[PDB]
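Single-structure report; data block below.
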Amino acid sequence: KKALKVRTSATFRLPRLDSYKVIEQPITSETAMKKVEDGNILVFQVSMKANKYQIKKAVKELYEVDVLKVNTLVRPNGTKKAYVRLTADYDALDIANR
Amino acid sequence: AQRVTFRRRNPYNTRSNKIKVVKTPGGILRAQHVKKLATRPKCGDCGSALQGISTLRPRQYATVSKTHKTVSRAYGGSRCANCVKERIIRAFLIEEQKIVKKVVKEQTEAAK
Amino acid sequence: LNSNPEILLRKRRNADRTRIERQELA
Amino acid sequence: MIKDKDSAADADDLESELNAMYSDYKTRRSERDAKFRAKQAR
Amino acid sequence: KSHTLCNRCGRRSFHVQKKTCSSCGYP
Amino acid sequence: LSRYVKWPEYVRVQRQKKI
RNA sequence: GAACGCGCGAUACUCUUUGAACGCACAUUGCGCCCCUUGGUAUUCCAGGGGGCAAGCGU
RNA sequence: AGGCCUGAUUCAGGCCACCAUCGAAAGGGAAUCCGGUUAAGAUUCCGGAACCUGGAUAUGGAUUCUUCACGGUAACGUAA
Ligand SMILES: [Zn+2]
């Protein structure tokens, strides 16, 4: 005698990027320095592999300042420029002289 | 008599980008893109616009309370009043006919 | 409001029913 | 859950199942074109 | 503009319609 | 329908050889 | 072999992006999953780093 | 060709069907406006003003005797 079940299934299924690498050098053109002096915006050159989170974190770690916003663009010569606007508690000119 | 043009990437007169002309607080005419108008919800039985339900875009219904998109009656927000009334009457009459047919079958099989 | 921290053990769900089924099974 | 065993009736049932499966397979593979359905209609 | 840059060889030999390169056969 | 999916190929073949 | 950079590869007169080319796509530097770890209020959130993913009634 | 659910601990049981992917900067689609500003940048920057999406959470109110609220004949209304 064999005990086999009646209810059978209808289908059978098978059972190197740190703070010193992120920020390469600042931008010291007259427009960038004007932004530093007036708009409280530090202009930096950053690596092409860095996003806004990494740029903000790197600025915070290296320069000990609070970053309000970061706006990045890619320059025609294959390099990335970042505008970092700091919080009103910090003066960008003081950091630039430092 | 100032001429205005699109403010976005699309340069073609497609349904997606439609322009209205408005006078800004600067005293000049400027273009403004208008969104697609919302469509009233329709009854699922007769296709007439549902009464008492606000007309919004599909994703704007996720942000309003349930009273603005339903009706207190049964099937409220899905079917209109007349369709619900027909459904009730039809269901009751069908049940009554089933009872009568069952009685008739019982009688006609009771001969033997 | 002058409270006191503590850890509360919630009552198990469907305890009496499961006990009855186990009793009938055995 | 049936606690029964048959000797040759099981073989007959298995053969019938296999034949039905083959017939269904033939019908499914042949009904790929509507010309066959039209011919089978008449 | 029948051809574009080929990733494997760098030439302007990648047929856009055929999606094949007439210089190195990519892919 | 096509119910043949209830049997994998190897089961079907090994039962066909039984007959 | 190619692209981008300073003969060489971010350690640049260790080995970037690729390529038989390998997580998936690709004329996009587009889209995922898994494990460990660190930071910012932090059990939930966000991000950074490291390492990976081309059963059968047959006997 | 796969995912999910149930279970005082027994791995057992159950549900469902159907195929990757690519293909639109004129199709479908969540949300930003005004004013100012450069030698060269603007719905992107500056000033003001506002929206969308996702997340963790707290407070008030409701959930009216203690347990998922009412009104109008009706269409329907509501802070829940
Ligand atoms: Zn209706």
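Ligands are numbered from 1 in the order shown, residues from 1 within each chain, and chains are lettered A, B, ... in the order they appear in the structure tokens.
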
Residues of chain A within 9 Å of chain H, counting only C-alpha atoms (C1' of nucleotides), as an NGL selection string: :A and (13-14 or 39)

Could you write out the selected residues, including C-alpha atoms, as a PDB file, in the first residue's frame?
```
ATOM      1  CA  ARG A  13       9.167  24.838  -9.387  1.00  0.00           C
ATOM      2  CA  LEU A  14      12.837  24.420  -8.553  1.00  0.00           C
ATOM      3  CA  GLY A  39      29.737  86.505  -1.209  1.00  0.00           C
TER       4      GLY A  39
END
```

Could you list, as number ranges by chain, all protein and nucleic acid residues with an atom at most 6 Å from ligand 1, counting only C-alpha atoms (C1' of nucleotides) and all ligand atoms? B: 43, 45-46, 79-80, 83

Written file, previous selection with N, CA and C atoms, as a compact mmCIF listing (two decimals), in the first residue's frame:
```
# COMPACT_ATOMS: atom_id res chain seq x y z
N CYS B 43 -17.58 57.59 -12.75
CA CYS B 43 -18.23 56.42 -12.18
C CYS B 43 -17.78 55.16 -12.91
N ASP B 45 -19.44 52.47 -13.48
CA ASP B 45 -20.53 51.76 -14.14
C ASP B 45 -21.10 52.52 -15.33
N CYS B 46 -21.29 53.83 -15.21
CA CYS B 46 -21.86 54.62 -16.29
C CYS B 46 -20.91 55.66 -16.87
N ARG B 79 -18.68 54.61 -7.29
CA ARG B 79 -19.90 54.56 -8.09
C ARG B 79 -20.84 55.65 -7.63
N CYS B 80 -21.68 56.13 -8.55
CA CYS B 80 -22.61 57.20 -8.23
C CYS B 80 -23.84 56.65 -7.52
N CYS B 83 -26.36 54.29 -9.69
CA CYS B 83 -25.81 52.96 -9.93
C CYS B 83 -25.90 52.09 -8.68
```

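The protein and nucleic acid residues lying at most 12 Å from range 1-17 of chain C are residues 23 and 24 of chain C; 8 of chain H, with only C-alpha atoms (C1' of nucleotides) considered and sequence neighbours fewer than 6 positions away removed.
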
If we count only C-alpha atoms (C1' of nucleotides), what is near residue 19 in chain F at a cut-off of 12 Å, once residues fewer than 2 positions away on the same chain are taken out, given as a list in words?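 Contacts, in chain order: residues 8, 10, 11, 12, 13, 14, 15, 16, 17, 18 and 19 of chain D; 12, 13, 14, 15, 16 and 17 of chain F; 58 of chain G.
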
Do a neighbour search on residue 29 in chain H at 12 Å with only C-alpha atoms (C1' of nucleotides), toss out local chain neighbours closer than 5 positions, and write the hits as a CSV table (one decimal) with C-alpha atoms, in the first residue's frame.
```csv
chain,number,residue,atom,x,y,z
B,16,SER,CA,3.5,68.9,-22.8
B,35,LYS,CA,0.5,72.2,-16.3
B,36,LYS,CA,-2.0,69.7,-17.7
B,57,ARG,CA,-3.7,65.3,-10.5
B,58,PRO,CA,-3.1,61.6,-9.9
B,59,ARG,CA,-0.3,62.2,-7.3
```

Selection near residue 3 in chain F, 12 Å with only C-alpha atoms (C1' of nucleotides), sequence-local residues under 3 positions removed, as a list in words: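 Here the qualifying residues turn out to be residues 9, 10, 11 and 12 of chain A; 17, 18, 20, 21, 22, 23, 24, 25 and 28 of chain D; 6, 7 and 8 of chain F.
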